[PDB]
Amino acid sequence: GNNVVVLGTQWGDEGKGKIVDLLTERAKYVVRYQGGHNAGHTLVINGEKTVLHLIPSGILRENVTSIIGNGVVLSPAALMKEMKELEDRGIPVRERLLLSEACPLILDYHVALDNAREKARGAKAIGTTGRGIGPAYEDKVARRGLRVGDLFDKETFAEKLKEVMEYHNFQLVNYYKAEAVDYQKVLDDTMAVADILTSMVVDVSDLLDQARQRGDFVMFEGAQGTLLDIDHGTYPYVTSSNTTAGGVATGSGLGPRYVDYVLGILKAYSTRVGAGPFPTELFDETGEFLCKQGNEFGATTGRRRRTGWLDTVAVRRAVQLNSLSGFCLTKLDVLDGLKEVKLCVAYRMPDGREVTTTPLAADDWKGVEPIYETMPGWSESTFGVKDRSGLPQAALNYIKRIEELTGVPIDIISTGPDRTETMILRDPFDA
C-alpha cells in the first residue's frame, strides 16, 4: 500500500528505527507522528552507527523528505543538538527535514517539571526518560502550551512565554519547593534558533493529502510501544502520547481511511524500561542472557531494560488496537543458544481464572501470572541469515507458532543490527 505505518507492538525498543530505515528505499516521505526526543532509535549501516531521537529514521536517505508531524512534542535545544551531529557526518539535515508549526515546544520549565513531578512520586515513579514529554503534552491539552508557529512572532511570543513560565515557576518553587526556571534564559535560547526552526515549517496535513492524491509512498514512524499508549497502555505507566496506529491520524493530519498497511515491529523476546507491569519478566540467568546478548540498554537513557519471555496475550492486544496487517520479527538471533524457549499463551488471574485477554490499567496486572508454552531452542546460529532456508527448524517452528497464536503473518525477519541483515518476505509497499 501507499501508506505504511511502522510501530511497536510491545513497550518500544523492538527495532522500529532499523526497519523504517531499510524500508524507505522506495518512500518519498517519512513522518514522525508522536512522542519527542524520549525515543532512542539505532540504525547501523556498514557498521556505521547512528542513534536518532527526534529526527525521523529516513534522514540518511536523500530521496526521502523527513517530516515531524503536529503530534510530536518538539524540543528546539534537542533538535539542534541532533541536527548538528548529523550535519557533521555529511548529512544535510536541513535540506531534508520539514516540520509542523503545530508542534508544541518542550522548553526547560518542562524538564524542570518532569523531574519535580517524578521525584514527588517516590516509590511510584513512572520511570520516565525525563525529557519533559509529559508536561509538554499537558500544556498542549490544557491549551496553554507554546507551539512552533508561535516563533513567527517574537514580541507576541515573549508575552505568552511570560504568562506560561510564571504559572509554571510558581508551582515549581511554591509547591515542589524546587528551583525556578529563568524566563530570560529560555527566551534567549529559543530566540537564537526561532529562525532555524521556522524556515523548516510546512503544512503537513495538506502535504500528505497531495502526496496521497499523487500516489507517493509515505511511511509513518512510531515511537515507543503499544502498551505505553496513554489510553490503552498500562496506566499510569505509559507515555503521554497515543503510541498506537491511531496516533497516525491525530498526529499527522491524514484521515484514518488512508492507512494501508500497519506493520507491527515484534522483538522475538520482550523488554521494558521503567516502572510497569511485565508478566513474563525473567529475574534469573536466562533474563541476564537475553539482556547481555541483546545489548538491552536504553538507547536514550542508557538504562538497562527488564527482559523476559515473549508475551503473546499482550501482542494479541496490539494486533486489535492497531489493526495490524503484518509483523516484523526482530532479534530472532538473540535466541540462538537457548536449550529451549517459551512464549506466554494465557494469563492466570489471581482468582484462579485462566484468561486470554490483557487487563487495562497497571493495577489490574498485579497478581497476573503467565502460562507459558515451552519450545525447543536452537544452537545453530541465525545471525545475519537473509533467507528462510538458513533458519533451523526450531526457528521456523517458533515463527509459525507466533503466527498461529496471533493470526498475523510475519513479513520481515530481522537477524542482525545492520540494515542488510534482514529477510523481506513481503514488502509492505507492494501489498
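Residue positions are given as counts along the sequence shown, with the first one as 1.
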property	result
Residue stretch of maximal mean CA temperature factor, 141 to 149 vs 116 to 124	116 to 124
52 to 60 versus 385 to 393 - greater average Cα B-factor per the deposited record	385 to 393
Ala249, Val345, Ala180, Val319, ranked by C-alpha B-factor: the highest one	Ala180
Highest-ranked of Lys162, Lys331, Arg272, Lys81 once sorted by CA temperature factor in the record	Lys162
Assigned third (lowest, middle, highest) for the C-alpha B factor of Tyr109	middle
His41 CA temperature factor, ranked by third within the chain	middle
Third of the chain, ranked by Cα B-factor, where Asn242 sits	lowest
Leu207 - Cα temperature factor, lowest/middle/highest third of chain	middle
Ranked against its chain, the third holding the CA B-factor of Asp229	lowest
